[PDB]
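Encoded as structure tokens, the structure appears first; notes follow it.
Residue numbers (the UniProt record's numbering), protein chains in the order written: chain P, 7 to 67, 89 to 237; chain C, 7 to 67, 90 to 237; chain S, 8 to 241; chain W, 9 to 244; chain A, 4 to 63, 99 to 244; chain D, 1 to 63, 101 to 242; chain E, 4 to 63, 102 to 249; chain H, 6 to 245; chain V, 4 to 238.
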């Protein structure tokens, strides 16, 4: 097509800038972000064994007392949720960094192509699990909206209105498993990329005596 | 297995009736129904160019009776029997081709693969015919629930504006269905007639063994 | 496996031969040198264990008094080619009573390399190309001559050509240091500097082998005397 | 896999050989032959697609030797190949045993050549069936038909082509009546066969009729002028 | 079986009429509509930078009747027959192509897969064209439900901006539908004109 | 260069249109898009998208007066509208231009047509994301008013205000990631075009 | 990229920690944990033959369910969360043992992927077990509410009695599913471990 | 299906696709025609001009097999040049054995044996060119046969091969070619090629004619430049 | 797809893709040009070096006194035909004591090229050959193809970026016949200008030529005599 002299050079500078920006991420920050969530999971807040006091007991006898959210779980996601969304932002640039290294398209010498495809496939697989958590993160907050409202509305059944507290113990047990995989996401994607850094950054022979 | 002489006759009469029906399907039913809908498309009933006058605006209130669209309700008397008929006839075609399946062999099976491709093309038509049955029951459910919803809501008028769109969308679909049904009659004709050699006789039985 | 040896690619390349030149990137780094005063060839032995004797393994052998050798990649593929190369070299003197020129040496090797084939031939024919990168130097009445050869089978007169794993950055480095009339001793200097830089192991008399050819001095294999001198005279 | 080359099918069939049987059938020409008491007649379909084509340049009746005629049905590519190979045999027979090759051994040697095509996977069967005629001093008229599979047997009345199924039925109807065998009246039976199947009434140039007799062991081709005489004048 | 020449004569004339229509439809009707749809995408009535006419100043008791947006519906008045034209005419092209499918036999039957790619796109086009009439319906329903919920909950002002967003969401969809209609005529006639040599003769000539 | 009677006059009309498709898109692919790539990456570095502290996004619910929409949410959506609107328009024009660049399909396996589908596969995945982005925009205010309505039904439930608070935090981060997909929409597509530009045609040989 | 003997080694320590856990789990935790569920299923509370007594009678406020069945749900719930934790630890360990991507000698990589795919069946089922338990609360709570809404139909009381047995039935199923989640997984790891932890590599060709 | 992957594999409909593709390869070749009459057999060939850089007479499609036998080819050119030497060595071995020129019926039959021999195996491929073999002798007269990729001999009063075929064959049927004489055949052969080829893809061409018959004294000979241009001027009357 | 495996398989359009890709490999390498007048013929070969340290490859192969050839394609594939072509020319003077005609040699070389094609297992020659020669009828320029086709040309340019070169040759073809040996080299070298980009154009180092003539046997020039041939010409 028609390639503008100024417009193309603006991208070529940004092609190298976003390429060097991910190198700073792939080298310094990934080994650091692996051990940050480790100290986050080793926090005794997520490691509490007894879930009886971890729930949010509702006072259900309308002037019935105001029922707030769970400040324990909300404080846990206050640390976890920004790291879940930040991880996805880090992977998108890696997806761009992988798609920026797509070699010149040819029929042969696809060995460097298959390496990048398998890595990009596993990054997209982890990215799917991250946004799947982000759905369940926002879903449980919608679960609390229907559970607390229906429990406070029905005063005849004295059991199920107490049984909605089991979702509080459910979210805590699932959160600890979600933050457990959240830590592995940096570790798994690092081992995949770092070990294969040989031909990923250079998926070309470019030795052709012909 | 073991069976009596009447058992073969009950099947043979079914084989003869379904064969004569399939023969009258291709050379009688199909050429008659192709021109039948073609006359309905050229008929001024389905040929109306103005879709704005075909709408049936209803008042928004001893409340007065609110009828449906006189045009759509009258044209569905043409559309609905043609949808049920084609579905019933394709089943007789699907079944009659299944009886033509030769004794299954593990080789030289391409004669069976031809019949398999024909069944898949008829199943694609049968699926679209079942979708037409939903469209017929859709206009009655969509217009019915909304007009009363537009009746109970006097604040929001644009419900009737969608009701005006149900009239135009129906007549657009009422003509599109019979246009596709006539196309289905034409598709079933060209596929069966050109493939009639391998449908009835998939295996020449030239095996010297 | 779902492909042939002679099958052409949509880009006009051979599947077989392309991987040949692709296979030689795992060989040992070696560099040839052509100087106005003679020809110099060096090769890395690449010994994988002290029990393995570096003296028995020889990647530079003497065909004629003028011509040396070089080896990379699979060693036995070169030995197969050098055997017939030494036979036709003596077949030259057996007829014309003279030493074979460096050009006629590569012409015989280029013919043996081009014969690669499978069907419509005898079982005594080589089916697949060699993974060796060849460097044939020598000095005759025409003067010093150094030729380069790859699995394709071509031979071209060149001052210096790098082979092996480091041939990528070495060949560009040999261009920069070598120029004009630079002689033998000055060539060994820049040779051992570039080789020691690219290889993992440090320079040693037993880790590499070096030999030169001169107009007045025929092919002379450097013993522990000459090898230990040039490594400390670098 | 078994449907491509020649290997044993799980049911015991050979698809490469059977697809050849459809290749003879693919040629679009129907051939019939009847063995009479004193004679053996061959009648095949002679097709002339364009008027620019010539008659004597395209013929389905070939001569293996003087006393043996040959007719071919299939893709003509395989037709000329067997006839040259058969003439390399029939002639070789006289160089060794010193007499005209019998129809028995000629069909046996040609079959053995075709049997190697099926046994050896390097080669392929040939897409033309061969019907060989002739006469011997003992069994009289001889009529054999060799398939590309290598099988051959004495056929009182044989047929080939697209109409072979309908042709065999009418050949049975004539023999079922114990039809009296005479020379020219049998020639009618082979011609009337193809005439009743296609419901055409062919022109003299649309058929090719060979003949062999006890009086004339040398193979002959019926003249198209004599064909017109026994088409129009005798349809009865 | 014994063929019926009366049934053959009827259907053959029917497809010859489709071939006669296809000639004037593709080589004439489409280019005249493409230039008309291209000028309609450039018309200020459709392409507009200032959406201020799409505002929904919710006034929320018996209240009063709430009408639809005049700029959208009048723009829909032209849009709906343009969608009706591309649905019906591409169905005629589909019917013509389904009748161009050759007979079945194994001799060199390849290259006909080009036809399979032709209606593979029109299959995806008919799916988008079906959702266009549905999206127009979803606008009147969702806008009416948001105003109804607004009348039920005057204390929630989120529905005021919600109806405003629905007004701009449908309007942006209106222009994107015309872009798909122009591309429906353009890409279809483009693919046919390129492949027409082997589309009319799938098996070539015997 | 043809046989049938198809009208050359209207054929010249669609030619000029297809010539306009070729000329304009070449200015879109190699000029407009790389100009937007520089504007999109800088639009991400703008404090509008990239911000560390989202505590400024709250749920001003009084649950009795009207409950309006969060200001910074509406402002950022109004800034997001021109971006999603433009990228859907541009990728639809390139899709048609790609169909025009697809040569006449006759026979054989050409390595050209193979990745031409992959280029279409890239835009196809982009179209699905963009249709979902616009779909989420209508769902933001739809579920917002429904959550406030449920708060009016049960004023004693504080989970609704917290849910609206947590949704606004997710709405912001989605918008930032939507533009990152809009940037990757032009960037990845513009790169692949520059990677192999010779594969889309087989002539001038 | 460069080499960072400190920060990059902290990642290797994280792998060596999981490798130390994996060997400690197989030799100590798993054999004991699998046996604890055996005695858990042999518990007489889960062996109850007659479920007609566990049906919770509804008074038609005086509304309650069977407390013994809820305790059985409270006993099984931690065991469901324990296997999910052990399932994620092995899934992470299998991913960190994946060598570099190469065309040749990739059979062992496919073996590690084959065992890795066997975990996907457990990821879905274990989450569906706990979600199904929480769904029983809404089904039994609404069945009583619908009976308390219209005081006519008596089938809702029979529906609760059915869901009382429906929970207990699925408990005994899940307990067997949890025990098979540890036991089968522990066998699969031992079936592919010893010499196939490093299937290829560390062998080479003596030359090149 | 994989049934077309080899010539040794038969189609389930009983066809050979590889040989059929060789006939389709001839359909890519330029149009060539030939006609026989009482005086002799007349040849013609359409010679396409790819570029001006070609010398006059280059890309010659007229091959001389033997003294009394000429040949014109349509298809892959090198496949014809390779078989041309095979036919020349074959006719040479005939005279070296039996001591006279091989007749056209004998030569076209032995060449067809070599053509069909390559269609039989899987280790070779059929010829991608269909050619015509003319001859003239006082013992026989004008004779014309045609060989195809399947290696079958077809005699023709007139015939056409190459890309455009059926259209040129019908034009030959519209006029009896046996009564006319070689002097008047080159007029019609030139007029047909002008009608056959129009300018769509290809740009320009030239007429390549060949003579065998009584006018050539029973020897294969190319058309002279003076008479060729004279017959073309008479053919330009239809163009103007 | 499945039709690209070998030469024997024909495409449904009647084309051998291996022969097609054989012509593609010729376009993958150095572009050579040659032309003939009524008297002298010149072969201009473009020598290319992989790097600056390595010297330029030899694109010219001396055949006989009256015959010479330039190679464009896969390098070593021409060595087999070289030693064969040289052996055939020697056998001509060994028996007939006469130089083999130029048109007769190429006809024999085209035969050896075509034989391995149809036979499965033998790779077709993937190098193009531009051969020139002189005889009693004057000089001749014969261009060949891996398909074994060979033509007769006044001037021909093959290889990569030969488009603009051929366009230059067509317009100036009328001069190529009437120019003398000096002007043949000039316009012959300026034709090589179009085969390379606008940065690196031509030098006497990387460009070698050869000529054959009436009384002049085929000779090869590289640098020394080529310097006055190039200089003195406007481009």
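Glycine is no exception: its CB is placed at the ideal position from the N, C-alpha and C atoms.
| message | Checking the sheet assignment: what are the DSSP bridge partners for residue 156 of chain S? | response | Residue 156 of chain S sits at position 149 when you count from the first residue of the third chain. For residue 156 of chain S, which the question treats as bridged, DSSP gives the partners S/141.
| said: I need the straight-line Cα distance from residue 189 of chain S to residue 167 of chain S, nearest angstrom please. | reply: For the purposes of this step, residue 189 of chain S is identified with residue 182 of the third chain, where counting begins at 1. For the purposes of this step, residue 167 of chain S is identified with residue 160 of the third chain, where counting begins at 1. Roughly 12 Å separates the two Cα atoms.
| task | Scan the segment 172–192 of chain P for residues whose Cβ lies nearer than 8 Å to a Cβ of chain D and list them as they occur along the chain. | result | Those would be 172, 175, 176, 179, 180, in chain order.
| task | Anything in chain E within Cβ reach of residue 232 of chain P, meaning under 9 Å, just list it in chain order. | result | What you label residue 232 of chain P is simply residue 205 of the first chain in a count that begins at 1. For residue 232 of chain P, there are no C-beta contacts with chain E under 9 Å, since the nearest C-beta of that chain is about 14 Å from it.
| query | Say the cut is 7 Å; is the CB of residue 223 of chain S nearer than that to a heavy atom of the ligand MN? | reply | Ligands displayed in this structure: none; no statement on the ligand MN is therefore possible.
| field | DSSP state of residue 11 of chain W mapped onto helix, strand, coil | value | Translated into the one-based positions of the fourth chain, residue 11 of chain W becomes position 3. Coil at residue 11 of chain W, not helix or strand.
| task | Below 9 Å between beta carbons is the criterion; list the residues of the segment 121–138 of chain C that meet it against any residue of chain A, in chain order. | result | Listed by position, the residues of the segment 121–138 of chain C near chain A (Cβ gap below 9 Å) are 138.
| said: Do residue 109 of chain H and residue 138 of chain H have their beta-carbon atoms positioned less than 8 Å apart in this structure? | reply: On the eighth chain, residue 138 of chain H is found 133 positions in, with the first residue counted as 1. On the eighth chain, residue 109 of chain H is found 104 positions in, with the first residue counted as 1. The beta carbons of residue 138 of chain H and residue 109 of chain H sit closer together than 8 Å.
| query | What residues are listed by DSSP as bridge partners for residue 221 of chain W? | reply | The residue given as residue 221 of chain W occupies position 213 in the fourth chain. When beta bridges are read from the DSSP output, residue 221 of chain W appears opposite W/47.
| Proximal residues to residue 137 of chain E (C-beta, below 6 Å), its chain only, five neighbours per side dropped | In the seventh chain, residue 137 of chain E corresponds to position 96, counting from 1. Within the same chain, residue 137 of chain E has close Cβ partners 18.
| request: Verify the CB distance criterion: does residue 5 of chain H have a CB-CB separation below 8 Å to chain W? | output: Outside the displayed span of chain H (6 to 245) sits residue 5 of chain H, for which this structure offers no information.
| query | List, in order along the chain, the chain C residues whose C-beta lies closer than 9 Å to that of residue 18 of chain W? | reply | Along the fourth chain, one-based indexing puts residue 18 of chain W at 10. Going along chain C in sequence order, the residues near residue 18 of chain W (Cβ under 9 Å) are 134, 135.
| What are the partner residues of residue 214 of chain V, as DSSP defines its beta bridges? | Along the ninth chain, one-based indexing puts residue 214 of chain V at 211. According to DSSP, residue 214 of chain V bridges with V/45, V/222.
| field | Which listed residue (H/105, H/60, H/121, H/93) has its alpha carbon closest to that of residue 92 of chain W | value | As a first step, residue 92 of chain W is located in the fourth chain; it is residue number 84 there, counting from the start. Of H/105, H/60, H/121, H/93, the residue nearest in Cα terms is H/121.
| query | Just how far apart, CA to CA, sit residue 173 of chain C and residue 163 of chain C? | reply | What you label residue 173 of chain C is simply residue 145 of the second chain in a count that begins at 1. What you label residue 163 of chain C is simply residue 135 of the second chain in a count that begins at 1. Near 15 Å, if we compare the C-alpha coordinates of residue 163 of chain C and residue 173 of chain C.
| task | Can you tell me which of the three DSSP states residue 16 of chain H falls into? | result | Numbered from 1 along the eighth chain, position 11 holds the residue referred to as residue 16 of chain H. Looking at residue 16 of chain H - three-state DSSP - the assignment turns out to be coil, as it is neither helix nor strand.
| query | On the three-pair Cβ rule with 8 Å, is the segment 25–32 of chain V touching the segment 160–179 of chain V? | reply | Using a C-beta cut-off of 8 Å, the segment 25–32 of chain V makes contact with the segment 160–179 of chain V, since at least three inter-stretch Cβ pairs fall below that distance.
| task | Spell out whether any CB of chain A is found under 8 Å from the CB atom of residue 99 of chain C. | result | Position 71 of the second chain, counted from the first residue, corresponds to residue 99 of chain C. Not closer than 8 Å to any Cβ of chain A, the Cβ of residue 99 of chain C fails to qualify, so no.
| query | Counting pairs of beta carbons, one from the segment 130–144 of chain P and one from the segment 212–231 of chain P, are three or more of them closer than 8 Å? | reply | Yes, they touch.
| Where do the N-terminal and C-terminal ends of the beta strand (DSSP E) with residue 39 of chain V fall, by residue? | As a first step, residue 39 of chain V is located in the ninth chain; it is residue number 36 there, counting from the start. Segment 35–39, the beta strand (DSSP E) holding residue 39 of chain V.
| request: Give a yes or no on contact between the segment 206–221 of chain S and the segment 44–59 of chain S, applying the rule of three or more CB pairs nearer than 8 Å. | output: Verdict: yes, contact present.
| request: Note down, one range per segment and in chain order, each beta strand (DSSP E) of at least 3 residues found wholly within the segment 220–247 of chain E. | output: None, since the segment 220–247 of chain E contains no complete beta strand (DSSP E) of that length.
| Contact check, residue 106 of chain H vs residue 73 of chain H, beta carbons under 8 Å | To locate residue 106 of chain H, count along the eighth chain from 1; it is residue 101. To locate residue 73 of chain H, count along the eighth chain from 1; it is residue 68. Contact flag set, yes.
| alpha helix (DSSP H) segment containing residue 173 of chain W, residue limits | In the fourth chain, counting from the first residue as 1, residue 173 of chain W sits at position 165. Counting along the chain, the alpha helix (DSSP H) containing residue 173 of chain W begins and ends at 172–184.
| Between W/217, W/190, W/109, which lies nearest to residue 233 of chain W when the distance is taken from Cα to Cα? | Here the question's residue 233 of chain W lines up with position 225 in the fourth chain. Comparing Cα positions, the closest option is W/217.
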